[PDB]
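A.B. asks: Got a structure for you, written out below as structure tokens; questions coming shortly.
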Amino acid sequence: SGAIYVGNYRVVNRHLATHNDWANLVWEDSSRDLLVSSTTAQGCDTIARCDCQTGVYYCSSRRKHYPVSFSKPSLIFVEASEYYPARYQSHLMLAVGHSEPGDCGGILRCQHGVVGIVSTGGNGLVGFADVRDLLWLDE
Ligand SMILES: N#Cc1ncncc1CC(=O)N1CCC[C@H](C(N)=O)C1
Ligand SMILES: [Zn+2]
């Protein structure tokens, strides 16, 4: 679990979105595993606007942060699930690091701010849904 709070927006993994997120829907993309909902309270997360390939992510299954090198956002394979059939997920970045079920939503940050959130895992790889291209989050 986990979310990004910027302005009047809440960014969450689409597969973990609540009834409240869907009733206050702003935008969602199944191919990215992202959903953004509106909030009453003001958020203060800073979104990174960069091409960093290094950062630190929070891993809830170890209660630890890990430094990682990660790939550029691209179209990449997942496996099926209560939530998706096998498919390419777009805007996904991989890193060698630890993840397993429940680690989705952990934030990945670089020196510029929030880069994305954990969205996939397995085989000693962790995948992050990028949010750096969503320029509208700031306005
Ligand atoms: N996190 C994690 C994890 N770590 C290890 N094994 C499996 C997983 C689970 C996983 O990858 N997914 C299940 C939920 C939906 C995800 C998606 N974006 O399509 C895929
Ligand atoms: Zn950066």
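When you line the sequence shown up against full-length UniProt numbering, it's residues 869 to 1007, in that order. Where is the CB? At the ideal position from N, CA and C, for every residue including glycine.
Relative to ligand 2, is the shortest distance from any of its heavy atoms to the C-beta of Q979 smaller than 7 Å?
C.D. replies: Yes, the Cβ of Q979 comes within 7 Å of a heavy atom of ligand 2.
A.B. asks: Please say whether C972 and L893 have beta carbons closer to each other than 8 Å?
C.D. replies: Their beta carbons are not under 8 Å apart, which means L893 does not touch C972 by this criterion.
A.B. asks: Between which two residues does the alpha helix (DSSP H) holding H887 run?
C.D. replies: 887-891 is the span of the alpha helix (DSSP H), which, as asked, contains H887.
A.B. asks: Give a single yes or no on whether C920 has its beta carbon closer than 7 Å to a heavy atom of ligand 2.
C.D. replies: Correct: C920 has its Cβ closer than 7 Å to ligand 2.
A.B. asks: At a cut-off of 7 Å, would you count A885 as near ligand 2, judging by its Cβ distance to the nearest heavy atom?
C.D. replies: No - ligand 2 has no heavy atom lying nearer than 7 Å to the Cβ of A885.
A.B. asks: Ordered along the chain, which non-local residues of its own chain (more than five positions away) have a Cβ less than 7 Å from that of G870?
C.D. replies: Cβ within range, chain order: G973, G974, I975, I985.
A.B. asks: Any idea if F996 is buried or exposed, counting beta-carbon neighbours within 10 angstroms, 16 or more meaning buried?
C.D. replies: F996 should be labelled buried.
A.B. asks: Between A909 and ligand 2, is there a pair consisting of the residue's CB and a ligand heavy atom that are separated by less than 7 Å?
C.D. replies: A909 Cβ: outside cutoff for every heavy atom of ligand 2.
A.B. asks: Considering only C-alpha positions, which residue in the set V982, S949, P941, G970 is nearest to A963?
C.D. replies: Of the candidates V982, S949, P941, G970, the one whose C-alpha sits nearest the C-alpha of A963 is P941.
A.B. asks: May I ask which residues mark the beginning and end of the beta strand (DSSP E) holding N881?
C.D. replies: That run of the beta strand (DSSP E) goes 872-881.
A.B. asks: Hey, quick one: how far does the beta strand (DSSP E) through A997 stretch, first residue to last?
C.D. replies: That run of the beta strand (DSSP E) goes 993-998.
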